[PDB]
file target.cif (mmCIF, C-alpha atoms and all ligand atoms)
data_model
#
loop_
_atom_site.label_atom_id
_atom_site.label_comp_id
_atom_site.auth_asym_id
_atom_site.auth_seq_id
_atom_site.Cartn_x
_atom_site.Cartn_y
_atom_site.Cartn_z
CA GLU L 1 92.59 4.46 43.34
CA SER L 2 91.61 4.37 39.62
CA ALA L 3 91.74 8.24 39.57
CA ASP L 4 95.50 8.02 40.39
CA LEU L 5 96.07 5.64 37.43
CA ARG L 6 94.21 8.06 35.08
CA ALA L 7 96.71 10.80 36.08
CA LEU L 8 99.65 8.45 35.27
CA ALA L 9 98.03 7.72 31.85
CA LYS L 10 97.74 11.53 31.12
CA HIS L 11 101.35 12.15 32.29
CA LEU L 12 102.68 9.39 30.00
CA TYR L 13 100.47 10.71 27.15
CA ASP L 14 101.87 14.30 27.61
CA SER L 15 105.51 13.07 27.71
CA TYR L 16 104.95 10.97 24.56
CA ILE L 17 103.60 14.06 22.64
CA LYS L 18 106.63 16.08 23.94
CA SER L 19 109.16 13.39 22.94
CA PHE L 20 107.73 12.04 19.69
CA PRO L 21 107.20 14.60 16.90
CA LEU L 22 105.49 12.06 14.59
CA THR L 23 102.46 10.55 16.34
CA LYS L 24 100.18 7.69 15.14
CA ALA L 25 97.32 10.26 14.75
CA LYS L 26 99.50 12.46 12.43
CA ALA L 27 100.67 9.34 10.51
CA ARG L 28 97.07 8.00 10.14
CA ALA L 29 95.79 11.41 8.88
CA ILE L 30 98.56 11.39 6.21
CA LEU L 31 97.93 7.73 5.21
CA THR L 32 94.10 8.18 4.94
CA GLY L 33 93.91 11.48 2.97
CA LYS L 34 92.92 13.81 5.89
CA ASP L 35 97.63 17.14 6.54
CA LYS L 36 99.46 16.91 3.17
CA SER L 37 99.70 13.88 0.83
CA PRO L 38 103.16 12.24 0.54
CA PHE L 39 105.32 11.60 -2.59
CA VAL L 40 105.34 7.86 -3.38
CA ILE L 41 108.64 5.92 -3.88
CA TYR L 42 107.79 2.62 -5.59
CA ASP L 43 110.64 2.69 -8.21
CA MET L 44 114.40 3.43 -8.46
CA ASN L 45 113.33 6.19 -10.91
CA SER L 46 110.74 7.64 -8.44
CA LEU L 47 113.46 7.48 -5.69
CA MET L 48 115.58 10.00 -7.69
CA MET L 49 112.52 12.33 -7.93
CA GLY L 50 112.03 12.42 -4.12
CA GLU L 51 115.76 13.28 -3.64
CA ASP L 52 115.14 16.86 -4.93
CA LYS L 53 112.04 17.52 -2.72
CA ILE L 54 113.62 16.30 -0.30
CA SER L 55 126.33 6.36 0.61
CA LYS L 56 126.70 5.28 -3.06
CA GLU L 57 123.98 2.83 -4.36
CA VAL L 58 120.17 2.75 -3.66
CA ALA L 59 120.09 -0.13 -1.07
CA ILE L 60 123.07 1.45 0.78
CA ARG L 61 121.53 5.01 0.79
CA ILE L 62 118.23 3.54 2.16
CA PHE L 63 120.19 1.45 4.77
CA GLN L 64 122.04 4.53 6.09
CA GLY L 65 118.65 6.32 6.18
CA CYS L 66 117.32 3.52 8.47
CA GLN L 67 120.46 3.80 10.70
CA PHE L 68 120.00 7.64 10.86
CA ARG L 69 116.31 7.21 11.86
CA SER L 70 117.19 4.53 14.45
CA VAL L 71 119.56 7.01 16.26
CA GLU L 72 116.77 9.71 16.31
CA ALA L 73 114.36 7.11 17.81
CA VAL L 74 117.00 6.14 20.45
CA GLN L 75 117.33 9.89 21.30
CA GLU L 76 113.50 10.44 21.52
CA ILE L 77 112.87 7.15 23.47
CA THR L 78 115.71 8.13 25.91
CA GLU L 79 114.05 11.59 26.43
CA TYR L 80 110.66 9.83 27.03
CA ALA L 81 112.08 7.24 29.51
CA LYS L 82 113.38 10.06 31.83
CA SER L 83 109.72 11.14 32.30
CA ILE L 84 108.48 7.66 33.45
CA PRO L 85 107.87 8.00 37.24
CA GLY L 86 110.68 6.12 38.96
CA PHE L 87 113.01 5.60 35.98
CA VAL L 88 115.68 8.17 36.90
CA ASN L 89 115.69 7.09 40.59
CA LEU L 90 117.04 3.64 39.53
CA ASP L 91 120.80 2.76 39.43
CA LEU L 92 122.80 4.41 36.55
CA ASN L 93 123.82 0.97 35.15
CA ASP L 94 120.19 -0.34 35.19
CA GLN L 95 118.85 2.81 33.42
CA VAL L 96 121.47 2.14 30.65
CA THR L 97 120.54 -1.58 30.58
CA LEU L 98 116.73 -1.03 30.38
CA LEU L 99 117.34 1.37 27.44
CA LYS L 100 120.05 -0.75 25.68
CA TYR L 101 117.59 -3.66 25.23
CA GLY L 102 114.18 -1.93 25.49
CA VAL L 103 114.89 0.54 22.63
CA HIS L 104 114.75 -2.06 19.81
CA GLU L 105 111.26 -3.23 20.93
CA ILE L 106 109.89 0.35 21.03
CA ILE L 107 111.35 1.25 17.57
CA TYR L 108 109.35 -1.59 15.89
CA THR L 109 106.15 -0.83 17.90
CA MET L 110 106.26 2.86 16.81
CA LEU L 111 107.41 2.05 13.23
CA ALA L 112 104.05 0.18 12.84
CA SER L 113 102.30 3.58 13.30
CA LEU L 114 103.94 4.67 9.96
CA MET L 115 102.96 1.45 8.12
CA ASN L 116 99.98 -0.07 6.29
CA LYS L 117 99.96 -3.38 4.26
CA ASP L 118 101.47 -1.57 1.21
CA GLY L 119 104.17 0.76 2.54
CA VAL L 120 105.85 3.06 5.04
CA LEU L 121 105.91 6.82 5.68
CA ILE L 122 109.41 8.35 5.33
CA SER L 123 111.21 11.75 5.79
CA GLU L 124 108.95 12.98 8.66
CA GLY L 125 105.79 11.81 6.79
CA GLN L 126 106.65 13.80 3.60
CA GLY L 127 107.26 10.57 1.65
CA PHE L 128 105.88 7.01 1.35
CA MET L 129 108.09 4.07 0.35
CA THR L 130 106.18 0.98 -0.85
CA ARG L 131 106.52 -2.53 0.71
CA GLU L 132 107.21 -4.00 -2.82
CA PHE L 133 110.07 -1.55 -3.59
CA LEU L 134 111.85 -2.26 -0.24
CA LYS L 135 111.44 -6.04 -0.87
CA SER L 136 112.98 -5.61 -4.40
CA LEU L 137 116.31 -4.23 -3.05
CA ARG L 138 119.52 -6.21 -3.81
CA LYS L 139 120.33 -8.91 -1.18
CA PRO L 140 120.83 -8.94 1.84
CA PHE L 141 119.05 -5.52 1.99
CA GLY L 142 115.70 -6.50 0.40
CA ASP L 143 115.07 -8.85 3.38
CA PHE L 144 115.26 -6.63 6.52
CA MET L 145 112.07 -4.47 6.20
CA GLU L 146 109.67 -7.36 5.32
CA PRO L 147 109.17 -8.86 8.89
CA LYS L 148 108.58 -5.28 10.29
CA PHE L 149 105.67 -5.04 7.79
CA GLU L 150 104.54 -8.53 8.95
CA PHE L 151 104.40 -7.38 12.61
CA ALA L 152 102.93 -3.96 11.66
CA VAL L 153 99.98 -5.51 9.73
CA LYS L 154 99.08 -7.64 12.82
CA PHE L 155 100.08 -5.03 15.49
CA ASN L 156 97.87 -2.36 13.80
CA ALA L 157 94.91 -4.84 13.95
CA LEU L 158 94.71 -3.97 17.70
CA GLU L 159 93.60 -0.41 16.61
CA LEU L 160 95.59 1.29 19.42
CA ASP L 161 95.93 5.05 19.66
CA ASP L 162 98.79 7.28 20.93
CA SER L 163 97.43 7.31 24.55
CA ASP L 164 97.53 3.45 24.65
CA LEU L 165 101.00 3.34 23.03
CA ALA L 166 102.39 5.82 25.64
CA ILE L 167 101.52 3.40 28.51
CA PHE L 168 102.45 0.27 26.45
CA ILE L 169 105.97 1.61 25.65
CA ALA L 170 106.39 2.52 29.37
CA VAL L 171 105.79 -1.22 30.19
CA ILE L 172 108.50 -2.21 27.59
CA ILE L 173 111.27 0.06 29.13
CA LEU L 174 110.47 -1.18 32.68
CA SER L 175 110.95 -4.92 32.00
CA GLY L 176 112.59 -6.80 34.90
CA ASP L 177 114.28 -9.55 32.79
CA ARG L 178 117.23 -7.74 31.11
CA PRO L 179 120.86 -9.09 31.11
CA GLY L 180 123.10 -7.31 33.65
CA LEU L 181 120.20 -5.98 35.79
CA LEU L 182 121.49 -5.23 39.32
CA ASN L 183 118.28 -4.46 41.30
CA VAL L 184 115.32 -6.19 39.59
CA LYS L 185 112.57 -5.47 42.24
CA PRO L 186 112.28 -1.58 42.02
CA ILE L 187 111.88 -1.94 38.18
CA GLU L 188 109.07 -4.55 38.68
CA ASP L 189 107.20 -2.26 41.16
CA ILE L 190 107.15 0.50 38.51
CA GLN L 191 106.02 -2.01 35.78
CA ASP L 192 103.20 -3.34 38.06
CA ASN L 193 101.82 0.24 38.37
CA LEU L 194 102.27 0.79 34.58
CA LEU L 195 100.43 -2.51 33.71
CA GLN L 196 97.59 -1.46 36.10
CA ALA L 197 97.22 1.88 34.23
CA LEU L 198 97.48 0.13 30.79
CA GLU L 199 94.72 -2.35 31.86
CA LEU L 200 92.37 0.51 32.92
CA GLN L 201 93.23 2.60 29.79
CA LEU L 202 92.32 -0.27 27.43
CA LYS L 203 89.04 -0.95 29.33
CA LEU L 204 88.03 2.75 29.09
CA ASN L 205 89.40 3.52 25.56
CA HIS L 206 88.43 0.18 23.90
CA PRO L 207 85.42 -1.02 26.03
CA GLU L 208 84.12 -3.28 23.21
CA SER L 209 87.58 -4.84 22.43
CA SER L 210 87.43 -7.98 24.64
CA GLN L 211 90.80 -9.09 26.16
CA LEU L 212 92.85 -6.35 24.35
CA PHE L 213 95.21 -6.21 27.37
CA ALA L 214 95.93 -9.98 27.04
CA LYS L 215 96.17 -9.52 23.21
CA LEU L 216 98.62 -6.53 23.57
CA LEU L 217 101.00 -8.38 26.03
CA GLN L 218 101.20 -11.44 23.69
CA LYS L 219 102.56 -9.08 20.93
CA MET L 220 105.83 -8.77 22.98
CA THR L 221 106.77 -12.22 21.54
CA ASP L 222 106.57 -10.89 17.93
CA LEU L 223 108.88 -7.95 18.89
CA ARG L 224 111.69 -10.12 20.40
CA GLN L 225 111.87 -12.24 17.17
CA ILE L 226 112.18 -9.21 14.79
CA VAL L 227 115.01 -7.83 17.04
CA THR L 228 116.95 -11.18 16.78
CA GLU L 229 116.48 -11.24 12.94
CA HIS L 230 117.63 -7.56 12.74
CA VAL L 231 120.86 -8.23 14.80
CA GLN L 232 121.45 -11.41 12.68
CA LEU L 233 121.22 -9.39 9.43
CA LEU L 234 123.29 -6.52 10.96
CA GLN L 235 126.30 -8.94 11.31
CA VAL L 236 126.00 -10.00 7.58
CA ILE L 237 126.25 -6.33 6.36
CA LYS L 238 129.08 -5.60 8.90
CA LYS L 239 131.24 -8.37 7.28
CA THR L 240 130.21 -7.99 3.58
CA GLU L 241 130.21 -4.13 3.60
CA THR L 242 133.22 -3.30 5.87
CA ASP L 243 132.36 0.44 5.29
CA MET L 244 130.32 2.65 7.71
CA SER L 245 129.60 0.88 11.03
CA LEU L 246 127.17 1.64 13.95
CA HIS L 247 126.78 5.25 15.35
CA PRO L 248 128.08 5.80 19.01
CA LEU L 249 124.51 5.12 20.32
CA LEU L 250 123.89 2.29 17.78
CA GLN L 251 127.17 0.59 19.02
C1 LIG L 301 110.47 6.69 9.07
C2 LIG L 301 111.38 5.78 8.33
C3 LIG L 301 112.11 4.75 9.21
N1 LIG L 301 112.33 4.82 10.56
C4 LIG L 301 113.02 3.71 10.95
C5 LIG L 301 113.55 3.19 12.19
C6 LIG L 301 113.42 3.92 13.53
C7 LIG L 301 114.24 1.94 12.17
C8 LIG L 301 114.39 1.23 10.94
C9 LIG L 301 115.12 -0.08 10.86
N2 LIG L 301 113.87 1.75 9.77
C10 LIG L 301 113.21 2.95 9.78
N3 LIG L 301 112.67 3.59 8.77
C11 LIG L 301 112.78 2.97 7.41
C12 LIG L 301 111.49 2.58 6.67
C13 LIG L 301 111.85 2.79 5.19
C14 LIG L 301 112.92 3.90 5.26
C15 LIG L 301 113.38 4.76 4.25
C16 LIG L 301 114.37 5.74 4.52
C17 LIG L 301 114.81 6.65 3.39
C18 LIG L 301 115.12 6.07 2.13
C19 LIG L 301 115.52 6.86 1.02
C20 LIG L 301 115.63 8.26 1.15
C21 LIG L 301 115.32 8.86 2.38
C22 LIG L 301 114.92 8.07 3.47
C23 LIG L 301 114.64 8.82 4.71
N4 LIG L 301 115.51 9.70 5.26
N5 LIG L 301 114.87 10.18 6.41
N6 LIG L 301 113.69 9.59 6.53
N7 LIG L 301 113.50 8.72 5.46
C24 LIG L 301 114.89 5.81 5.83
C25 LIG L 301 114.43 4.94 6.86
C26 LIG L 301 113.44 3.98 6.53
#

call {"tool": "encode", "arguments": {"input": "target.cif", "output": "structure tokens"}}
result
Amino acid sequence: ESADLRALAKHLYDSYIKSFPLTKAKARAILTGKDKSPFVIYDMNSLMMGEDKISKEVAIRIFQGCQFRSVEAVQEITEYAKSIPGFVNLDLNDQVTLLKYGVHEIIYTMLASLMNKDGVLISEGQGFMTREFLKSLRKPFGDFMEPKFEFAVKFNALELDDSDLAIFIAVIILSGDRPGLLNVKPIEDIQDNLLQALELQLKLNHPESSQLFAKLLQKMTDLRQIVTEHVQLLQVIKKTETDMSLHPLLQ
């Protein structure tokens, strides 16, 4: 029944609110003037101003900020995954596998919520770092954030809300195509139910947006590429800057 799928949509929406302290709605209210206005970092000079509001050099301090935020996201996505009906019933190794790979794709989906064509919200929405400033960082650093902005600009064109994102990120975690997956079928049965709920949710929430379901699934291609490029750049920094490496979770 469709009434059963509506209950799954509400349950995923509630768990998303409980797990993610910074929603798209909060982020959009900050970015549009509705919630307090953020301090804008567009300069190396303006960066020093935001430090007393509220690692050696600028590009390195920003990089460790990204790594710190990545860990928090891993923690919050892990907490959310436990609530997906069927997730915790799966084999211990599979749970770990679905998270190990699925986490990178969720991070970039949810990071789009904090972005517009000209910048990104930082420090729990208190700040706003411009696209131009991030791009101007000394190489190889001033390269990593640019494709996330590229995906965000196009991903935000879908005009999704938090209730759509809750179901969409559930689909990501439950993908039966991960390396080292022992029992593929139980994962696919969960995903089938999730996709059914996502389909209904998009038809009810965006009734005028023709083929948004087909449009949303195609975006999974864009995610996989940004992950590859991120891992590729992560190796460069690991060899050039033999300093601070990945956090236990980040490893
Ligand atoms: C919400 C911010 C965020 N979450 C990220 C996740 C999940 C993944 C990746 C790859 N990057 C992430 N970022 C980037 C965007 C630009 C920026 C600036 C900073 C930053 C720069 C200078 C000073 C402070 C901060 C800061 N600290 N805490 N939040 N922002 C830290 C992080 C980041």

call {"tool": "residues_around", "arguments": {"input": "target.cif", "residues": "region 208-214 of chain L", "least_positions_apart": "3", "cutoff": "8 Å", "atoms": "only C-alpha atoms", "output": "PDB file with C-alpha atoms, keeping the file's coordinate frame"}}
result
ATOM      1  CA  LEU L 158      94.710  -3.970  17.700  1.00  0.00           C
ATOM      2  CA  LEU L 198      97.480   0.130  30.790  1.00  0.00           C
ATOM      3  CA  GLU L 199      94.720  -2.350  31.860  1.00  0.00           C
ATOM      4  CA  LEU L 202      92.320  -0.270  27.430  1.00  0.00           C
ATOM      5  CA  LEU L 217     101.000  -8.380  26.030  1.00  0.00           C
ATOM      6  CA  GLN L 218     101.200 -11.440  23.690  1.00  0.00           C
TER       7      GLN L 218
END

call {"tool": "residues_near_ligand", "arguments": {"input": "target.cif", "ligand": "ligand LIG 301 (chain L)", "cutoff": "8 Å", "atoms": "all atoms listed in the file", "output": "VMD selection string"}}
result
chain L and resid 47 50 to 51 58 61 to 73 107 to 108 110 to 111 114 120 to 125 127 129 134 144 to 145

call {"tool": "write_last_selection", "arguments": {"input": "target.cif", "atoms": "C-alpha atoms", "output": "PDB file, keeping the file's coordinate frame"}}
result
ATOM      1  CA  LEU L  47     113.460   7.480  -5.690  1.00  0.00           C
ATOM      2  CA  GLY L  50     112.030  12.420  -4.120  1.00  0.00           C
ATOM      3  CA  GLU L  51     115.760  13.280  -3.640  1.00  0.00           C
ATOM      4  CA  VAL L  58     120.170   2.750  -3.660  1.00  0.00           C
ATOM      5  CA  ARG L  61     121.530   5.010   0.790  1.00  0.00           C
ATOM      6  CA  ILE L  62     118.230   3.540   2.160  1.00  0.00           C
ATOM      7  CA  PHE L  63     120.190   1.450   4.770  1.00  0.00           C
ATOM      8  CA  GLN L  64     122.040   4.530   6.090  1.00  0.00           C
ATOM      9  CA  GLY L  65     118.650   6.320   6.180  1.00  0.00           C
ATOM     10  CA  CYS L  66     117.320   3.520   8.470  1.00  0.00           C
ATOM     11  CA  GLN L  67     120.460   3.800  10.700  1.00  0.00           C
ATOM     12  CA  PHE L  68     120.000   7.640  10.860  1.00  0.00           C
ATOM     13  CA  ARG L  69     116.310   7.210  11.860  1.00  0.00           C
ATOM     14  CA  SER L  70     117.190   4.530  14.450  1.00  0.00           C
ATOM     15  CA  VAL L  71     119.560   7.010  16.260  1.00  0.00           C
ATOM     16  CA  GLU L  72     116.770   9.710  16.310  1.00  0.00           C
ATOM     17  CA  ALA L  73     114.360   7.110  17.810  1.00  0.00           C
ATOM     18  CA  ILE L 107     111.350   1.250  17.570  1.00  0.00           C
ATOM     19  CA  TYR L 108     109.350  -1.590  15.890  1.00  0.00           C
ATOM     20  CA  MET L 110     106.260   2.860  16.810  1.00  0.00           C
ATOM     21  CA  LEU L 111     107.410   2.050  13.230  1.00  0.00           C
ATOM     22  CA  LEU L 114     103.940   4.670   9.960  1.00  0.00           C
ATOM     23  CA  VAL L 120     105.850   3.060   5.040  1.00  0.00           C
ATOM     24  CA  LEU L 121     105.910   6.820   5.680  1.00  0.00           C
ATOM     25  CA  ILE L 122     109.410   8.350   5.330  1.00  0.00           C
ATOM     26  CA  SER L 123     111.210  11.750   5.790  1.00  0.00           C
ATOM     27  CA  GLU L 124     108.950  12.980   8.660  1.00  0.00           C
ATOM     28  CA  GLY L 125     105.790  11.810   6.790  1.00  0.00           C
ATOM     29  CA  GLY L 127     107.260  10.570   1.650  1.00  0.00           C
ATOM     30  CA  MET L 129     108.090   4.070   0.350  1.00  0.00           C
ATOM     31  CA  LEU L 134     111.850  -2.260  -0.240  1.00  0.00           C
ATOM     32  CA  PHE L 144     115.260  -6.630   6.520  1.00  0.00           C
ATOM     33  CA  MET L 145     112.070  -4.470   6.200  1.00  0.00           C
TER      34      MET L 145
END

call {"tool": "atom_distance", "arguments": {"input": "target.cif", "atom1": "CA of residue 79 (chain L)", "atom2": "CA of residue 19 (chain L)"}}
result
6.3 Å

call {"tool": "closest_residue", "arguments": {"input": "target.cif", "among": "L:126, L:163, L:116, L:55", "to": "residue 244 (chain L)", "atoms": "all atoms listed in the file"}}
result
L:55

call {"tool": "closest_residue", "arguments": {"input": "target.cif", "among": "L:77, L:88, L:174, L:227", "to": "residue 151 (chain L)", "atoms": "all atoms listed in the file"}}
result
L:227

call {"tool": "closest_residue", "arguments": {"input": "target.cif", "among": "L:32, L:113, L:89, L:196", "to": "residue 152 (chain L)", "atoms": "only C-alpha atoms"}}
result
L:113

call {"tool": "closest_residue", "arguments": {"input": "target.cif", "among": "L:28, L:36, L:10, L:139", "to": "residue 159 (chain L)", "atoms": "all atoms listed in the file"}}
result
L:28

call {"tool": "axis_aligned_box", "arguments": {"input": "target.cif", "around": "region 82-87 of chain L", "padding_each_side": "8 Å", "output": "lines of an AutoDock Vina configuration file"}}
result
center_x = 110.6
center_y = 8.4
center_z = 35.4
size_x = 21.5
size_y = 21.5
size_z = 23.1

call {"tool": "residues_near_point", "arguments": {"input": "target.cif", "point": "(117.2, 0.8, 41.4)", "cutoff": "9 Å", "atoms": "only C-alpha atoms", "output": "NGL selection string"}}
result
:L and (86-92 or 94-95 or 182-187)

call {"tool": "atom_distance", "arguments": {"input": "target.cif", "atom1": "CA of residue 115 (chain L)", "atom2": "CA of residue 22 (chain L)"}}
result
12.7 Å
